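A.B. asks: Each residue of the sequence shown is one higher than the last, beginning at 1 in PDB author numbering. Beta carbons: idealized from backbone N, C-alpha and C, even for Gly. Just passing along the structure, written as structure tokens.
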Amino acid sequence: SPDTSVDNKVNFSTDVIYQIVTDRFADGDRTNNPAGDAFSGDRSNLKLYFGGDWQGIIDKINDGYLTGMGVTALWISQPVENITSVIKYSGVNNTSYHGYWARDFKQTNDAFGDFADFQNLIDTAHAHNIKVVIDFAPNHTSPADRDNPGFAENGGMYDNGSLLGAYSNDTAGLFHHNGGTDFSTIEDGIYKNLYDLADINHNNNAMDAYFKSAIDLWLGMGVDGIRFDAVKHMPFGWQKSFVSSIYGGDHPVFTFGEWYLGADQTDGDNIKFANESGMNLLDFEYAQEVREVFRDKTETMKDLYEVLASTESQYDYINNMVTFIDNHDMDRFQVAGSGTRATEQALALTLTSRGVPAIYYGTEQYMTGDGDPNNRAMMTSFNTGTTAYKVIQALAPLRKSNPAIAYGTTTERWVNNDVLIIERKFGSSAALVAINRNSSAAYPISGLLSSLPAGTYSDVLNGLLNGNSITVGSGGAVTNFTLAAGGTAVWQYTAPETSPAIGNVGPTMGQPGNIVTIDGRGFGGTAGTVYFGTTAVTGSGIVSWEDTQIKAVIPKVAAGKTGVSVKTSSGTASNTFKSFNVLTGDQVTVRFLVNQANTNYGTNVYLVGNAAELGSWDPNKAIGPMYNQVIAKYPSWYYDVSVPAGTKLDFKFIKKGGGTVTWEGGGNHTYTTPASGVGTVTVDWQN
Ligand SMILES: [Ca+2]
Ligand SMILES: [Ca+2]
Ligand SMILES: [Ca+2]
Ligand SMILES: [Ca+2]
Ligand SMILES: [Cl-]
Ligand SMILES: [Cl-]
Ligand SMILES: [Cl-]
Ligand SMILES: [Cl-]
């Protein structure tokens with residue numbers, strides 16, 4: 001099947017995701033509605049269930065509302081069984097309508113539907129060429145007070161109906177009992193409770209096994225992607241090991257996490273997570289910047305391009321960035337009382353920009369509302385005639401049809417305070433996008449250059465956002481034109497490719513034996529060669545091969561990041577997909593603890609070792625800075641690390657700070673890791 005197929009679970013840049021808060025979209029089945037204090041019939045309390053469900057989503061697929069927009073993926077609230085108790089917070093009755101307060105990850109939230117309903121949703125979506133992404137929140141269960149078992153449901157965790165444990169009498173040690181985080185440090189936010197949510201202890205193998213089993217259940221039903229909740233609040237090492245187990249199993253899928261960033265914020269740990277965890281991220285840098293430029297109008301198009309350029313520089317897999325202009329955790333993009341062009345332009349940019357675009361339900365209806373839960377009102381209308389609906393309808397399909405949009409580089413062609421003209425390019429395909437955010441002033445555009453072949457190009461939007469046609473000369477030079485006030489236009493060229501071009505490889509990380517999906521153009525119909533670094537993969541190493549997609553088995557090559565490339569049956573070489581992370585083997589999560597490691601203020605302890613997963617003795621790749629406040633206390637340090645299973649590791653600790661790097665003396669520490677699951681190794685610092 002082709003790169004654009006709904007069957008393609010691991011790569012999503014040809015898609016447009018529509019993010020649905022299930023309870024707030026459509027009530028398709030009144031018979032599963034919660035009742036009494038848990039339900040708001042008059043919708044006056046935005047913290048109770050309103051009744052939205054899976055049948056409702058199914059209905060809006062079948063009746064053409066969603067398909068008419070050209071969305072090709074649905075991202076839905078966590079589907080698992082949540083607590084059913086009503087909690088009074090700050091004078092207001094609250095429910096689990098949002099899906100984040102799980103109690104049994106192996107059963108459904110009955111308010112949304114049963115497993116038959118869920119299968120119908122998967123099957124209906126797939127029959128319409130729509131992928132399904134679920135929220136998954138393995139950080140915690142639900143609200144709990146260790147000292148008051150009667151509060152809520154005491155964070156109780158069930159396994160297909162049978163009790164594993166609750167928070168107050170945590171016999172099996174399933175949870176952390178370290179208080180609640182104050183969000184002051186990353187460590188603090190990982191090993192203490194997020195708000196009052198009973199925090200899962202993933203270093204307990206019972207929990208590693210449980211969550212692997214649970215996710216396998218949902219993936220086995222046909223789920224195409226996973227949006228991880230609160231990734232900043234779980235150990236990086238556990239998450240890396242977790243996704244590796246997905247990639248090495250029967251159901252590799254696209255994964256991405258939420259690591260919130262405010263306006264004007266870049267974060268090195270956020271970048272490391274996206275580059276090294278094996279999991280992708282929502283692109284808050286993009287989102288916040290688009291909001292500043294279009295919604296708040298506090299920064300310029302030059303600032304916008306700067307962020308496109310800096311994100312490109314820092315993230316290894318830029319076609320995996322999940323972009324958006326708002327979501328369940330942000331004020332609604334539409335400002336009440338303001339015009340709609342800001343929304344329409346922000347949508348157009350997102351739909352034509354690199355990555356995987358996501359649109360929050362009701363954006364296309366200009367829904368307003370600041371703060372949670374005002375930003376989660378019931379869908380106001382299913383009017384297919386709005387300008388925003390038509391913008392998405394016109395541009396969403398380009399991600400499937402034009403590989404420059406799906407995979408292409410990004411280049412600034414023209415910029416001033418109010419106007420941005422960018423070009424996407426992939427092989428001979430290109431798209432040129434022009435946006436003028438100024439609603440009162442038109443701008444003459446002169447000396448514009450493009451990679452478009454000669455000829456006249458109509459605006460893909462046909463002037464819906466006051467765009468215009470352009471004429472292109474032999475050298476790609478664009479005849480002078482005026483970009484109207486509020487103007488937005490898209491001009492595009494798609495061509496058959498003869499030379500092979502790789503647009504994406506997914507997943508981006510894997511152990512030998514995993515099957516990866518290589519998407520692009522010009523691979524031809526006859527099986528050729530896949531390369532990992534200089535190592536050729538041929539014959540049975542190639543699972544399947546067609547013009548736009550190749551599936552290949554990761555060869556037993558040296559672990560570490562490497563380039564992936566192809567060569568056609570005729571011997572023509574492709575470009576290289578950079579930074580594919582070859583793992584040593586199946587992973588386990590190991591908690592490393594080192595004792596008696598005293599340091600001066602400003603100096604931290606890091607972990608290094610012989611395996612690629614331990615940085616291959618490179619002090620610049622040393623793992624850390626390690627933690628020393630919660631699980632273990634200074635001068636003990638600890639860190640949870642994904643390492644190859646059933647493998648003898650050689651390792652040492654180092655102290656880095658003040659431009660100095662000091663390694664342990666003595667011989668290496670050694671440790672043979674567990675065959676599966678999780679482990680712990682404790683050693684003492686060697687002077
Ligand atoms: Ca319902
Ligand atoms: Ca239909
Ligand atoms: Ca946690
Ligand atoms: Ca900014
Ligand atoms: Cl169906
Ligand atoms: Cl290219
Ligand atoms: Cl093409
Ligand atoms: Cl083959």
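Would you mind working out which of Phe651, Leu163, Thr682 and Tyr305 sits nearest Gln596, comparing C-alpha positions?
C.D. replies: The residue labelled residue 596 in the question sits at position 596 within the sequence shown. Looking at the Cα atoms, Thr682 is the closest of the given residues.
A.B. asks: Answer yes or no: do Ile83 and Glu153 have a C-beta to C-beta separation smaller than 8 angstroms?
C.D. replies: Indexing the sequence shown from 1 puts residue 83 at position 83. Indexing the sequence shown from 1 puts residue 153 at position 153. Yes, Cβ-Cβ distance for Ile83 and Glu153 is below 8 angstroms.
A.B. asks: According to DSSP, simplified to helix, strand and coil, what is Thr363?
C.D. replies: Here residue 363 corresponds to residue number 363 of the sequence shown, with the count starting at 1. In this structure, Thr363 counts as helix in the three-state DSSP scheme.
A.B. asks: Give the DSSP-derived three-state secondary structure of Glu423 in the structure shown.
C.D. replies: Taking the first residue of the sequence shown as 1, we reach residue 423 at position 423. Reduced to three states, the DSSP call for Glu423 is strand.
A.B. asks: Span of the beta strand (DSSP E) holding residue 721?
C.D. replies: What the structure shows of the chain is the stretch from 1 to 687, and residue 721 is not part of that stretch, so it cannot be assessed.
A.B. asks: Using a threshold of 8 angstroms, state whether the C-beta atoms of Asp23 and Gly70 are closer than that.
C.D. replies: Counting from 1 along the sequence shown, the entry for residue 23 is found at position 23. Counting from 1 along the sequence shown, the entry for residue 70 is found at position 70. For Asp23 and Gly70, no; Cβs fall outside 8 angstroms.
A.B. asks: Near ligand 2, which residues have their beta-carbon less than 7 angstroms from any of its heavy atoms, given in chain order?
C.D. replies: Qualifying residues come out as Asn62, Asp63, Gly64 and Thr67.
A.B. asks: Could you check what DSSP says for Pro444 in three-state terms: helix, strand or coil?
C.D. replies: As a first step, residue 444 is located in the sequence shown; it is residue number 444 there, counting from the start. Here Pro444 sits in strand by DSSP.
A.B. asks: Run the proximity test for residue 704: is its beta-carbon closer than 7 angstroms to any non-hydrogen atom belonging to ligand 1?
C.D. replies: Summary: the structure shown does not reach residue 704, with the chain confined to residues 1 through 687, and so no result is reported for it.
A.B. asks: With distance defined between alpha-carbon atoms, name the residue in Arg295, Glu546, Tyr361 and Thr599 nearest to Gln334.
C.D. replies: Numbered from 1 along the sequence shown, position 334 holds the residue referred to as residue 334. The shortest C-alpha separation from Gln334 is found at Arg295.
A.B. asks: Could you tell me whether any non-hydrogen atom of ligand 8 is closer than 7 angstroms to the CB of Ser544?
C.D. replies: In the sequence shown, residue 544 corresponds to position 544, counting from 1. Yes, the beta carbon of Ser544 sits closer than 7 angstroms to at least one heavy atom of ligand 8.
A.B. asks: Consider the C-beta atom of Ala166 and the heavy atoms of ligand 8; say whether any pair is separated by less than 7 angstroms.
C.D. replies: Taking the first residue of the sequence shown as 1, we reach residue 166 at position 166. No, ligand 8 has no heavy atom inside 7 angstroms of this Cβ.
A.B. asks: Run through DSSP, which three-state label would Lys621 get?
C.D. replies: Taking the first residue of the sequence shown as position 1, residue 621 is located at position 621. In this structure, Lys621 counts as helix in the three-state DSSP scheme.
A.B. asks: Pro644 lies in the alpha helix (DSSP H); which residues open and close that run?
C.D. replies: Taking the sequence shown and counting its residues from 1, one reaches residue 644 at position 644. Where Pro644 is concerned, there is no enclosing alpha helix (DSSP H), although the beta strand (DSSP E) it sits in stretches over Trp637 to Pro644.
A.B. asks: Would you say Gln288 and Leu261 are within 8 angstroms of each other, going by their C-beta atoms?
C.D. replies: For the purposes of this step, residue 288 is taken as the residue at position 288 of the sequence shown. For the purposes of this step, residue 261 is taken as the residue at position 261 of the sequence shown. Yes.
A.B. asks: Scan the region 579-609 and note each continuous beta strand (DSSP E) run of 3 residues or more that stays entirely inside, going in chain order.
C.D. replies: Fully enclosed beta strand (DSSP E) runs of 3 or longer: 587-595 and 604-609.
A.B. asks: So, is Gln345 buried or exposed, given that buried needs 16 or more other C-beta atoms within 10 angstroms?
C.D. replies: Position 345 of the sequence shown holds residue 345. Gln345 comes out buried.
A.B. asks: What is the C-beta distance between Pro635 and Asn598, in whole angstroms, given that I count them as a contact (C-beta under 8 angstroms)?
C.D. replies: On the sequence shown, position 635 is the one that residue 635 refers to. On the sequence shown, position 598 is the one that residue 598 refers to. 5 angstroms between Cβ atoms; contact.
A.B. asks: Could you give the distance in angstroms between the alpha-carbon of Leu219 and the alpha-carbon of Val356?
C.D. replies: Here residue 219 refers to the residue found at position 219 of the sequence shown. Here residue 356 refers to the residue found at position 356 of the sequence shown. When rounded, the distance between both Cα atoms is 21 angstroms.
A.B. asks: Do the CB positions of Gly173 and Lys192 come within less than 8 angstroms of each other?
C.D. replies: Taking the first residue of the sequence shown as 1, we reach residue 173 at position 173. Taking the first residue of the sequence shown as 1, we reach residue 192 at position 192. Cβ distance not < 8 angstroms, so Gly173 and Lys192 don't count as in contact.
A.B. asks: Helix or strand or just coil, what does DSSP make of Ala309?
C.D. replies: Mapped onto the sequence shown, residue 309 falls at position 309. Helix.
A.B. asks: At a threshold of 7 angstroms, does residue 703 count as lining ligand 6 (C-beta to nearest heavy atom)?
C.D. replies: This structure does not reach residue 703, given that the chain is present from 1 up to 687, and the question cannot be answered.
A.B. asks: Classify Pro79 as buried or exposed, calling it buried when 16 or more other Cβ atoms lie within 10 Å of its own Cβ.
C.D. replies: What you label residue 79 is simply residue 79 of the sequence shown in a count that begins at 1. By the neighbour-count rule (16 or more Cβ atoms within 10 Å), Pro79 is buried.
A.B. asks: Among the candidates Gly455, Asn628, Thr647 and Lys652, whose CA atom is the shortest distance from the CA of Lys621?
C.D. replies: On the sequence shown, residue 621 is found 621 positions in, with the first residue counted as 1. Measuring from the Cα of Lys621, the nearest candidate turns out to be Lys652.
A.B. asks: Is the CB-CB distance between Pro512 and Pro555 below 8 angstroms?
C.D. replies: Working through the sequence shown from its first residue, we reach residue 512 at position 512. Working through the sequence shown from its first residue, we reach residue 555 at position 555. It is a contact, given that the beta carbons lie within the stated cut-off.
A.B. asks: Can you list, in chain order, the residues of its chain whose CB lies under 6 angstroms from that of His669, leaving out five sequence neighbours each side?
C.D. replies: As a working mapping, residue 669 is identified with position 669 in the sequence shown. Excluding residues within five positions, the ones whose Cβ falls inside 6 angstroms are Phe651 and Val683.
A.B. asks: Return the CA-CA distance between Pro373 and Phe324, expressed in angstroms with no decimal places.
C.D. replies: By 1-based counting over the sequence shown, the position of residue 373 is 373. By 1-based counting over the sequence shown, the position of residue 324 is 324. Rounded to whole angstroms, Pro373 to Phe324 spans 19 angstroms at the Cα level.
A.B. asks: Just curious, the beta strand (DSSP E) that residue 688 is in, first and last residue?
C.D. replies: Examination of residue 688 is not possible in this model, given that the chain is present from 1 through 687 alone.
A.B. asks: Can you tell me whether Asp110 is helix, strand or coil according to DSSP?
C.D. replies: As a first step, residue 110 must be located in the sequence shown, where it is residue number 110. Three-state result, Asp110: coil.
A.B. asks: Pairing CB atoms from the region 466-473 with CB atoms from the region 208-217, are three or more of them under 8 angstroms?
C.D. replies: Flag = no, the region 466-473 and the region 208-217 do not touch.
A.B. asks: Can you give me the Cβ contacts of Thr498 inside the same chain, cut-off strictly under 7 angstroms, excluding the 5 residues immediately before and after it?
C.D. replies: Taking the sequence shown and counting its residues from 1, the one referred to as residue 498 is at position 498. For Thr498, where only same-chain residues beyond five positions count, the Cβ hits under 7 angstroms are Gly522.
A.B. asks: Is the distance from the Cβ of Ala558 to the Cβ of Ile542 below 8 angstroms?
C.D. replies: Residue mapping note: residue 558 aligns to position 558 of the sequence shown, counting from 1. Residue mapping note: residue 542 aligns to position 542 of the sequence shown, counting from 1. No. Outside cutoff.
A.B. asks: Mind the definition here: the region 56-66 touches the region 91-99 only if three or more C-beta pairs lie below 8 angstroms; say whether that holds.
C.D. replies: No, because fewer than three Cβ pairs between the region 56-66 and the region 91-99 fall closer than 8 angstroms, the two stretches do not touch.
A.B. asks: Does the distance between the C-beta of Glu412 and the nearest non-hydrogen atom of ligand 4 fall short of 7 angstroms?
C.D. replies: Taking the first residue of the sequence shown as position 1, residue 412 is located at position 412. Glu412 Cβ: outside cutoff for every heavy atom of ligand 4.
A.B. asks: Have a look at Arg146 and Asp196 and give me their C-alpha separation to the nearest angstrom.
C.D. replies: Position 146 of the sequence shown holds residue 146. Position 196 of the sequence shown holds residue 196. Cα to Cα, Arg146 sits roughly 10 angstroms from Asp196.
A.B. asks: Check whether the region 6-17 and the region 37-46 touch, using three or more Cβ-Cβ pairs below 8 angstroms as the test.
C.D. replies: Output reads no: the region 37-46 does not touch the region 6-17.
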